[PDB]
Amino acid sequence: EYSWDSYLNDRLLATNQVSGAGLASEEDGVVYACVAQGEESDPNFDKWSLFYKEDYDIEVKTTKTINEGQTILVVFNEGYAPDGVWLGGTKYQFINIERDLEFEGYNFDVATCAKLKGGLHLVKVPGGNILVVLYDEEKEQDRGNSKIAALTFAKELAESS
Amino acid sequence: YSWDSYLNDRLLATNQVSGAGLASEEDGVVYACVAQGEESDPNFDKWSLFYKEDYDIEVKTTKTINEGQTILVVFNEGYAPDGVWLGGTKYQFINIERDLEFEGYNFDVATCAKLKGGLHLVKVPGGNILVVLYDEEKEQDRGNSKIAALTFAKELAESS
C-alpha cells in the first residue's frame, strides 16, 4: 500500500509549495507517475489532465512584413498567395485563378479571393492595369455576379489599348 | 470627368459590386478607387478599403505535437521553440540552469511559466525527469517550488 502517488504526496506535495508533481521517463519524455492538489474543490477531478494528453495539433505564429501591393503582383506573376491577398488591412484568401479566360474577343487573367461574408476579384487587363472589385454578401450580392460585373467593365478597358 | 465618376457609373450603378479600384501593374498599388456608402455613415474614407502603409502581420502554421518530446527538447537543445506543452497547457520556456549544485549533487533544472503559474523540470541521474507544477492563485511561486523540486530531486539522486 505504497505507490508513487503516495511517495510524491508525502515528500513533495505535503509541503503545499507545489500544485502537483510527476515523473517523466528520460526515454520518451512522458509522465508515468504523478500527483496534484485537487479533490477539495471537485471529487470528479482527473489529475492526468495536467500531466498527460495524447498527441494533438497546435498553431505556430510567425511574423512577416507585408507590402500590400506585392501581394497582388505575386498572384498574377507566380500564381499563388501563401499568406492570402492583403488589401486595405483586410485579409482575403486566394482561391481561384483562371488564366487566359476568353470573354468576347479578349483574354483575361482573373483571380478570386474570399473573406468572411464577402470577397474580391482581381482582373489583369492589358495596357498594364489591374482591376480590383469588392463584393459583400451582407448586401445580398455575390462573387458570381460581381465577377460578371468585373468582366463587363474589363472589356471596356480592354478596348482601349 | 474623374475616375471615381467613371467607376460609379459603370460599376456601382450596377449595385452588384461593393466597390472598385484599379492597381498599376508596376507597384501593384491602387491609384484610384470607389466604394458604396452614404446611407449609414456620410463621413467615411474610401481608401481604408483599398490602401494601407507597409505593416507587419501574423502567419499561422499547424504542427502536430508530442508533449513528451517538448520536455526532451528542452534538455537536448536548450530551449523550447514552441514552448513546453503538458496536459494541453502551453508553458513559456524561461530559464535553464545546467550543472546546478545542490547539496553535493548536480542537476539540470529548467523553469517554465504560464499565466499566474508555471512548472519546473529537473533531470536527476539514474534517468528520470522530475516535473513540478506551481499555482500563484494558491499563494505559491516559482522560487519556493524550485527549492521544493530541487530538495526532492536530491532524494532520488541519493537512490542512484
# chains A, B, ... in the order shown; residues from 1 in each chain; ligands from 1

$ residues_around --residues "residue B:110" --least-positions-apart "6" --cutoff "8 Å" --atoms "only C-alpha atoms" --output "list in words"
residues 74, 94, 95, 96, 97, 120, 121 and 122 of chain B

$ write_last_selection --atoms "N, CA and C atoms" --output "PDB file, in the first residue's frame"
ATOM      1  N   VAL B  74      13.917  20.414 -24.434  1.00  0.00           N
ATOM      2  CA  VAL B  74      14.424  21.466 -23.568  1.00  0.00           C
ATOM      3  C   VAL B  74      15.831  21.125 -23.102  1.00  0.00           C
ATOM      4  N   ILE B  94      11.419  29.781 -19.874  1.00  0.00           N
ATOM      5  CA  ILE B  94      12.235  30.901 -19.413  1.00  0.00           C
ATOM      6  C   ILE B  94      13.697  30.470 -19.309  1.00  0.00           C
ATOM      7  N   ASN B  95      14.054  29.909 -18.159  1.00  0.00           N
ATOM      8  CA  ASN B  95      15.438  29.620 -17.818  1.00  0.00           C
ATOM      9  C   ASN B  95      15.803  28.138 -17.835  1.00  0.00           C
ATOM     10  N   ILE B  96      17.056  27.843 -18.165  1.00  0.00           N
ATOM     11  CA  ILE B  96      17.620  26.524 -17.895  1.00  0.00           C
ATOM     12  C   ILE B  96      18.982  26.689 -17.219  1.00  0.00           C
ATOM     13  N   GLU B  97      19.182  25.976 -16.119  1.00  0.00           N
ATOM     14  CA  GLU B  97      20.439  26.040 -15.383  1.00  0.00           C
ATOM     15  C   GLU B  97      21.067  24.671 -15.373  1.00  0.00           C
ATOM     16  N   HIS B 120       8.544  23.468 -13.158  1.00  0.00           N
ATOM     17  CA  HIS B 120       9.973  23.205 -13.162  1.00  0.00           C
ATOM     18  C   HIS B 120      10.241  21.810 -13.702  1.00  0.00           C
ATOM     19  N   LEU B 121      11.334  21.659 -14.440  1.00  0.00           N
ATOM     20  CA  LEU B 121      11.757  20.340 -14.885  1.00  0.00           C
ATOM     21  C   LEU B 121      13.155  20.064 -14.383  1.00  0.00           C
ATOM     22  N   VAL B 122      13.320  18.937 -13.696  1.00  0.00           N
ATOM     23  CA  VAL B 122      14.624  18.570 -13.168  1.00  0.00           C
ATOM     24  C   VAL B 122      15.016  17.173 -13.599  1.00  0.00           C
TER      25      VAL B 122
END

$ interface_residues --of "chain A" --to "chain B" --cutoff "7 Å" --atoms "only C-alpha atoms" --output "PDB file with C-alpha atoms, in the first residue's frame"
ATOM      1  CA  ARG A  11       7.766  14.145   0.295  1.00  0.00           C
ATOM      2  CA  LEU A  12       6.747  16.776  -2.225  1.00  0.00           C
ATOM      3  CA  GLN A  17       4.576  24.584  -2.238  1.00  0.00           C
ATOM      4  CA  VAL A  18       3.747  22.723  -5.409  1.00  0.00           C
ATOM      5  CA  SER A  19       0.444  22.427  -7.249  1.00  0.00           C
ATOM      6  CA  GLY A  20       1.391  18.935  -8.319  1.00  0.00           C
ATOM      7  CA  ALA A  21       4.328  16.803  -9.373  1.00  0.00           C
ATOM      8  CA  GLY A  22       5.114  13.978 -11.776  1.00  0.00           C
ATOM      9  CA  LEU A  23       7.878  11.729 -13.038  1.00  0.00           C
ATOM     10  CA  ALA A  24       8.804  11.656 -16.731  1.00  0.00           C
ATOM     11  CA  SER A  25      10.982   8.983 -18.336  1.00  0.00           C
ATOM     12  CA  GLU A  26      14.185  10.306 -19.931  1.00  0.00           C
ATOM     13  CA  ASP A  28      10.132   9.189 -24.307  1.00  0.00           C
ATOM     14  CA  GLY A  29       9.614  12.180 -22.018  1.00  0.00           C
ATOM     15  CA  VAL A  30       6.133  11.095 -20.949  1.00  0.00           C
ATOM     16  CA  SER A  49      -5.490  16.119 -17.324  1.00  0.00           C
ATOM     17  CA  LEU A  50      -2.486  18.058 -16.003  1.00  0.00           C
ATOM     18  CA  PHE A  51       0.359  15.637 -16.750  1.00  0.00           C
ATOM     19  CA  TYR A  52      -0.771  13.629 -19.788  1.00  0.00           C
ATOM     20  CA  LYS A  53      -2.539  14.213 -23.113  1.00  0.00           C
ATOM     21  CA  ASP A  55      -0.621  13.971 -29.496  1.00  0.00           C
ATOM     22  CA  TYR A  56      -2.770  16.790 -30.812  1.00  0.00           C
ATOM     23  CA  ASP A  57      -2.293  19.713 -33.207  1.00  0.00           C
ATOM     24  CA  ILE A  58      -1.314  23.311 -32.439  1.00  0.00           C
ATOM     25  CA  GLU A  59      -0.758  26.522 -34.427  1.00  0.00           C
ATOM     26  CA  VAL A  60       2.619  28.341 -34.516  1.00  0.00           C
ATOM     27  CA  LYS A  61       2.792  32.085 -35.190  1.00  0.00           C
ATOM     28  CA  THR A  62       5.476  33.800 -37.257  1.00  0.00           C
ATOM     29  CA  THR A  63       5.532  37.460 -38.203  1.00  0.00           C
ATOM     30  CA  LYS A  64       6.173  38.587 -41.771  1.00  0.00           C
ATOM     31  CA  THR A  65       6.343  42.194 -43.020  1.00  0.00           C
ATOM     32  CA  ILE A  66       3.755  42.771 -45.758  1.00  0.00           C
ATOM     33  CA  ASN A  67       3.782  45.093 -48.791  1.00  0.00           C
ATOM     34  CA  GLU A  68       0.101  45.163 -49.806  1.00  0.00           C
ATOM     35  CA  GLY A  69       0.843  45.880 -53.462  1.00  0.00           C
ATOM     36  CA  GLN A  70       3.243  42.974 -53.813  1.00  0.00           C
ATOM     37  CA  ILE A  72      -1.310  41.476 -55.944  1.00  0.00           C
ATOM     38  CA  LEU A  73       1.719  41.180 -58.234  1.00  0.00           C
ATOM     39  CA  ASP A  83      -0.494  34.274 -46.919  1.00  0.00           C
ATOM     40  CA  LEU A  87      -5.881  44.978 -49.229  1.00  0.00           C
ATOM     41  CA  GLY A  88      -6.729  47.954 -47.038  1.00  0.00           C
ATOM     42  CA  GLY A  89      -5.699  45.952 -43.990  1.00  0.00           C
ATOM     43  CA  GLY A 128      -0.663  47.475 -67.780  1.00  0.00           C
ATOM     44  CA  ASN A 129      -3.567  47.968 -65.366  1.00  0.00           C
ATOM     45  CA  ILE A 130      -5.253  45.699 -62.810  1.00  0.00           C
ATOM     46  CA  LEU A 131      -8.953  45.970 -61.932  1.00  0.00           C
ATOM     47  CA  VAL A 132      -9.978  45.390 -58.304  1.00  0.00           C
ATOM     48  CA  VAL A 133     -13.588  44.509 -57.452  1.00  0.00           C
ATOM     49  CA  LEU A 134     -15.058  44.038 -53.958  1.00  0.00           C
ATOM     50  CA  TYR A 135     -18.287  42.223 -53.046  1.00  0.00           C
ATOM     51  CA  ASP A 136     -20.134  41.911 -49.728  1.00  0.00           C
ATOM     52  CA  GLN A 141     -24.531  40.422 -53.624  1.00  0.00           C
ATOM     53  CA  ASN A 145     -22.470  38.484 -60.248  1.00  0.00           C
ATOM     54  CA  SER A 146     -19.556  40.656 -59.121  1.00  0.00           C
ATOM     55  CA  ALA A 149     -19.730  42.958 -63.325  1.00  0.00           C
ATOM     56  CA  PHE A 153     -16.188  46.696 -67.265  1.00  0.00           C
TER      57      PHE A 153
END

$ atom_distance --atom1 "atom CA of residue B:40" --atom2 "atom CA of residue A:92"
24.3 Å

$ residues_around --residues "residue A:115" --least-positions-apart "3" --cutoff "10 Å" --atoms "only C-alpha atoms" --output "mmCIF file with N, CA, C and O atoms, in the first residue's frame"
data_model
loop_
_atom_site.group_PDB
_atom_site.id
_atom_site.type_symbol
_atom_site.label_atom_id
_atom_site.label_comp_id
_atom_site.auth_asym_id
_atom_site.auth_seq_id
_atom_site.Cartn_x
_atom_site.Cartn_y
_atom_site.Cartn_z
ATOM 1 N N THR A 90 -7.261 44.280 -44.771
ATOM 2 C CA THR A 90 -8.107 43.099 -44.664
ATOM 3 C C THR A 90 -7.489 41.900 -45.376
ATOM 4 O O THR A 90 -6.953 42.032 -46.474
ATOM 5 N N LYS A 91 -7.570 40.730 -44.751
ATOM 6 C CA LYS A 91 -7.067 39.505 -45.359
ATOM 7 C C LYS A 91 -8.125 38.830 -46.218
ATOM 8 O O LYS A 91 -9.194 38.469 -45.731
ATOM 9 N N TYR A 92 -7.819 38.648 -47.497
ATOM 10 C CA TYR A 92 -8.646 37.814 -48.353
ATOM 11 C C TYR A 92 -7.858 36.563 -48.711
ATOM 12 O O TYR A 92 -6.665 36.638 -49.000
ATOM 13 N N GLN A 93 -8.529 35.418 -48.714
ATOM 14 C CA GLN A 93 -7.873 34.162 -49.059
ATOM 15 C C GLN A 93 -7.890 33.918 -50.556
ATOM 16 O O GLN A 93 -8.953 33.879 -51.168
ATOM 17 N N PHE A 94 -6.714 33.723 -51.143
ATOM 18 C CA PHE A 94 -6.637 33.412 -52.561
ATOM 19 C C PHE A 94 -7.265 32.061 -52.841
ATOM 20 O O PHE A 94 -6.830 31.041 -52.315
ATOM 21 N N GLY A 118 -17.981 37.796 -47.793
ATOM 22 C CA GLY A 118 -17.564 38.660 -48.882
ATOM 23 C C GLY A 118 -16.364 38.105 -49.628
ATOM 24 O O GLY A 118 -15.970 36.956 -49.417
ATOM 25 N N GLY A 119 -15.792 38.914 -50.515
ATOM 26 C CA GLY A 119 -14.610 38.522 -51.260
ATOM 27 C C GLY A 119 -14.164 39.593 -52.237
ATOM 28 O O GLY A 119 -14.615 40.732 -52.163
ATOM 29 N N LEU A 120 -13.268 39.238 -53.151
ATOM 30 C CA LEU A 120 -12.831 40.183 -54.170
ATOM 31 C C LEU A 120 -12.422 39.505 -55.468
ATOM 32 O O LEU A 120 -12.117 38.312 -55.487
ATOM 33 N N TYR A 135 -16.878 42.578 -53.227
ATOM 34 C CA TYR A 135 -18.287 42.223 -53.046
ATOM 35 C C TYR A 135 -18.570 41.842 -51.594
ATOM 36 O O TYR A 135 -17.706 41.302 -50.907
ATOM 37 N N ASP A 136 -19.790 42.106 -51.134
ATOM 38 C CA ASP A 136 -20.134 41.911 -49.728
ATOM 39 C C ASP A 136 -21.454 41.166 -49.579
ATOM 40 O O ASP A 136 -22.511 41.699 -49.887
ATOM 41 N N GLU A 137 -21.386 39.946 -49.060
ATOM 42 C CA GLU A 137 -22.540 39.053 -49.013
ATOM 43 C C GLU A 137 -23.667 39.601 -48.138
ATOM 44 O O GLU A 137 -24.840 39.313 -48.375
#

$ closest_residue --among "A:99, A:112, A:54, A:38" --to "residue A:81" --atoms "only C-alpha atoms"
A:112

$ select_by_dssp --residues "stretch 7-155 of chain B" --states "strand (DSSP E or B)" --output "MDAnalysis selection string"
chainID B and resid 19:24 30:35 55:65 84:86 89:102 105:114 117:124 128:135

$ atom_distance --atom1 "atom CA of residue B:108" --atom2 "atom CA of residue B:84"
15.9 Å

$ select_by_dssp --residues "stretch 30-141 of chain A" --states "helix (DSSP H, G or I)" --output "PDB file with C-alpha atoms, in the first residue's frame"
ATOM      1  CA  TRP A  48      -3.861  13.238 -15.524  1.00  0.00           C
ATOM      2  CA  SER A  49      -5.490  16.119 -17.324  1.00  0.00           C
ATOM      3  CA  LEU A  50      -2.486  18.058 -16.003  1.00  0.00           C
ATOM      4  CA  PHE A  51       0.359  15.637 -16.750  1.00  0.00           C
ATOM      5  CA  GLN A  70       3.243  42.974 -53.813  1.00  0.00           C
ATOM      6  CA  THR A  71       0.513  40.539 -52.768  1.00  0.00           C
ATOM      7  CA  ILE A  72      -1.310  41.476 -55.944  1.00  0.00           C
ATOM      8  CA  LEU A  73       1.719  41.180 -58.234  1.00  0.00           C
ATOM      9  CA  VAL A  74       2.673  37.820 -56.786  1.00  0.00           C
ATOM     10  CA  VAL A  75      -0.795  36.483 -57.607  1.00  0.00           C
ATOM     11  CA  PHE A  76      -0.501  37.135 -61.341  1.00  0.00           C
ATOM     12  CA  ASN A  77       3.263  36.660 -61.652  1.00  0.00           C
ATOM     13  CA  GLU A 137     -22.540  39.053 -49.013  1.00  0.00           C
ATOM     14  CA  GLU A 138     -24.305  41.029 -46.265  1.00  0.00           C
ATOM     15  CA  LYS A 139     -25.514  43.270 -49.116  1.00  0.00           C
TER      16      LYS A 139
END

$ decode --residues "stretch 104-140 of chain A" --atoms "N, CA, C and O atoms" --output "tab-separated table (two decimals), in the first residue's frame"
chain	number	residue	atom	x	y	z
A	104	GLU	N	-15.56	37.55	-74.87
A	104	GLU	CA	-15.88	38.38	-76.04
A	104	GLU	C	-14.68	38.96	-76.78
A	104	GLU	O	-14.54	40.18	-76.86
A	105	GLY	N	-13.80	38.10	-77.29
A	105	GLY	CA	-12.75	38.57	-78.18
A	105	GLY	C	-11.45	38.87	-77.47
A	105	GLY	O	-10.40	39.00	-78.10
A	106	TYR	N	-11.52	38.98	-76.15
A	106	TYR	CA	-10.38	39.38	-75.33
A	106	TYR	C	-10.03	38.35	-74.26
A	106	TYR	O	-10.91	37.71	-73.68
A	107	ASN	N	-8.73	38.22	-73.98
A	107	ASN	CA	-8.25	37.32	-72.93
A	107	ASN	C	-8.05	38.05	-71.62
A	107	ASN	O	-7.61	39.20	-71.60
A	108	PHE	N	-8.38	37.39	-70.53
A	108	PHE	CA	-8.23	37.98	-69.21
A	108	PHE	C	-7.74	36.96	-68.20
A	108	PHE	O	-8.21	35.82	-68.17
A	109	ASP	N	-6.79	37.39	-67.37
A	109	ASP	CA	-6.42	36.64	-66.18
A	109	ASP	C	-7.22	37.22	-65.02
A	109	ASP	O	-7.11	38.40	-64.70
A	110	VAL	N	-8.03	36.37	-64.39
A	110	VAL	CA	-8.92	36.82	-63.34
A	110	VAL	C	-8.81	35.93	-62.11
A	110	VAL	O	-8.96	34.71	-62.18
A	111	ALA	N	-8.56	36.56	-60.96
A	111	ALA	CA	-8.40	35.83	-59.72
A	111	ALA	C	-9.54	36.14	-58.77
A	111	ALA	O	-10.10	37.23	-58.78
A	112	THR	N	-9.88	35.16	-57.93
A	112	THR	CA	-10.97	35.30	-56.98
A	112	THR	C	-10.46	34.99	-55.58
A	112	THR	O	-9.79	33.98	-55.36
A	113	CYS	N	-10.80	35.85	-54.63
A	113	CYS	CA	-10.38	35.67	-53.25
A	113	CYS	C	-11.59	35.80	-52.34
A	113	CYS	O	-12.58	36.43	-52.71
A	114	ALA	N	-11.52	35.20	-51.16
A	114	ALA	CA	-12.66	35.18	-50.26
A	114	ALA	C	-12.33	35.82	-48.92
A	114	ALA	O	-11.21	35.69	-48.41
A	115	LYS	N	-13.32	36.52	-48.37
A	115	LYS	CA	-13.29	37.00	-46.99
A	115	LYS	C	-14.51	36.43	-46.25
A	115	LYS	O	-15.29	35.68	-46.83
A	116	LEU	N	-14.67	36.79	-44.98
A	116	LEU	CA	-15.87	36.44	-44.24
A	116	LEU	C	-17.03	37.22	-44.83
A	116	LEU	O	-16.99	38.45	-44.86
A	117	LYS	N	-18.06	36.52	-45.29
A	117	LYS	CA	-19.26	37.15	-45.83
A	117	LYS	C	-18.93	38.16	-46.93
A	117	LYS	O	-19.51	39.24	-46.99
A	118	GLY	N	-17.98	37.80	-47.79
A	118	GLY	CA	-17.56	38.66	-48.88
A	118	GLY	C	-16.36	38.10	-49.63
A	118	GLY	O	-15.97	36.96	-49.42
A	119	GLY	N	-15.79	38.91	-50.52
A	119	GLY	CA	-14.61	38.52	-51.26
A	119	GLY	C	-14.16	39.59	-52.24
A	119	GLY	O	-14.62	40.73	-52.16
A	120	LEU	N	-13.27	39.24	-53.15
A	120	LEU	CA	-12.83	40.18	-54.17
A	120	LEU	C	-12.42	39.51	-55.47
A	120	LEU	O	-12.12	38.31	-55.49
A	121	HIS	N	-12.43	40.28	-56.55
A	121	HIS	CA	-11.90	39.84	-57.83
A	121	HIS	C	-10.73	40.73	-58.25
A	121	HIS	O	-10.74	41.94	-58.01
A	122	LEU	N	-9.73	40.12	-58.88
A	122	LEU	CA	-8.63	40.86	-59.48
A	122	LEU	C	-8.56	40.49	-60.95
A	122	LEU	O	-8.48	39.32	-61.29
A	123	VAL	N	-8.57	41.51	-61.81
A	123	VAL	CA	-8.55	41.28	-63.25
A	123	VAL	C	-7.42	42.03	-63.93
A	123	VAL	O	-7.38	43.26	-63.92
A	124	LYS	N	-6.50	41.27	-64.51
A	124	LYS	CA	-5.43	41.86	-65.30
A	124	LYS	C	-5.98	42.24	-66.66
A	124	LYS	O	-6.57	41.42	-67.36
A	125	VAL	N	-5.81	43.50	-67.03
A	125	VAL	CA	-6.27	43.99	-68.33
A	125	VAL	C	-5.01	44.51	-69.01
A	125	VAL	O	-4.06	44.90	-68.32
A	126	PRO	N	-4.96	44.51	-70.36
A	126	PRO	CA	-3.70	44.97	-70.94
A	126	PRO	C	-3.44	46.47	-70.72
A	126	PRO	O	-4.10	47.10	-69.89
A	127	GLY	N	-2.51	47.05	-71.47
A	127	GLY	CA	-2.08	48.41	-71.20
A	127	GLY	C	-1.44	48.59	-69.82
A	127	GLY	O	-1.10	49.70	-69.43
A	128	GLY	N	-1.30	47.48	-69.09
A	128	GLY	CA	-0.66	47.48	-67.78
A	128	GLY	C	-1.46	48.00	-66.60
A	128	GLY	O	-0.92	48.70	-65.74
A	129	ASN	N	-2.74	47.66	-66.54
A	129	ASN	CA	-3.57	47.97	-65.37
A	129	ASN	C	-4.25	46.73	-64.78
A	129	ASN	O	-4.53	45.77	-65.49
A	130	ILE	N	-4.49	46.76	-63.47
A	130	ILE	CA	-5.25	45.70	-62.81
A	130	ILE	C	-6.54	46.23	-62.19
A	130	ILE	O	-6.53	47.21	-61.45
A	131	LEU	N	-7.66	45.56	-62.48
A	131	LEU	CA	-8.95	45.97	-61.93
A	131	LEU	C	-9.28	45.22	-60.64
A	131	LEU	O	-9.21	43.99	-60.60
A	132	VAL	N	-9.62	45.96	-59.60
A	132	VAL	CA	-9.98	45.39	-58.30
A	132	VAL	C	-11.46	45.56	-57.99
A	132	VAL	O	-11.97	46.68	-57.98
A	133	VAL	N	-12.16	44.46	-57.73
A	133	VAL	CA	-13.59	44.51	-57.45
A	133	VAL	C	-13.93	43.84	-56.12
A	133	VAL	O	-13.56	42.70	-55.89
A	134	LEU	N	-14.64	44.57	-55.26
A	134	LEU	CA	-15.06	44.04	-53.96
A	134	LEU	C	-16.52	43.61	-53.98
A	134	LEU	O	-17.33	44.20	-54.70
A	135	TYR	N	-16.88	42.58	-53.23
A	135	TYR	CA	-18.29	42.22	-53.05
A	135	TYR	C	-18.57	41.84	-51.59
A	135	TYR	O	-17.71	41.30	-50.91
A	136	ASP	N	-19.79	42.11	-51.13
A	136	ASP	CA	-20.13	41.91	-49.73
A	136	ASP	C	-21.45	41.17	-49.58
A	136	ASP	O	-22.51	41.70	-49.89
A	137	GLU	N	-21.39	39.95	-49.06
A	137	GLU	CA	-22.54	39.05	-49.01
A	137	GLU	C	-23.67	39.60	-48.14
A	137	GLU	O	-24.84	39.31	-48.38
A	138	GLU	N	-23.31	40.37	-47.11
A	138	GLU	CA	-24.31	41.03	-46.27
A	138	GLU	C	-25.17	42.02	-47.05
A	138	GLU	O	-26.17	42.51	-46.53
A	139	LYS	N	-24.77	42.33	-48.28
A	139	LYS	CA	-25.51	43.27	-49.12
A	139	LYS	C	-26.18	42.55	-50.29
A	139	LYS	O	-26.37	43.12	-51.36
A	140	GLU	N	-26.48	41.27	-50.06
A	140	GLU	CA	-27.24	40.40	-50.95
A	140	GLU	C	-26.60	40.34	-52.35
A	140	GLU	O	-27.24	40.10	-53.37
